[PDB]
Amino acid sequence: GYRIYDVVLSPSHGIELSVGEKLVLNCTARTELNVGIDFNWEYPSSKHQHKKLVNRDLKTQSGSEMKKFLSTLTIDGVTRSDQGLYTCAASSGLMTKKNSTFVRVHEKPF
């Protein structure tokens, strides 16, 4: 009883921000009751760390026989270096699923 159903990002596609706008990327992952989940992100920039943007707390929900694990990624202000491909990998030890998404930050006033 240690399996993962699917990992989805919200929003999933077509995220578009201006320079200096707050970026938000949640990462839901449905799993079984006994399953533990570990979130590791992958961002294109080299300015931020994994200790800033990724959530320190957790967000879990229980429903009948399915558990939800949620991890958020908050960036206070964005730049051209942040533009690229974001990926949220949710590893349980015995399994690891990942989903991709593209974000665009244009040079324009917010």
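Sequential numbering from 1, following the sequence displayed.
Stretch comparison (15-23 versus 88-96) by mean CA B-factor in the PDB entry places 15-23 on top. For the two regions 44-52 and 25-33, the entry's Cα B-factors average higher over 44-52. Ranked within its chain, residue 38 lands in the lowest third, by CA B factor from the PDB record.
Sorting the modelled residues of the chain by their CA temperature factor places residue 103 in the middle third.
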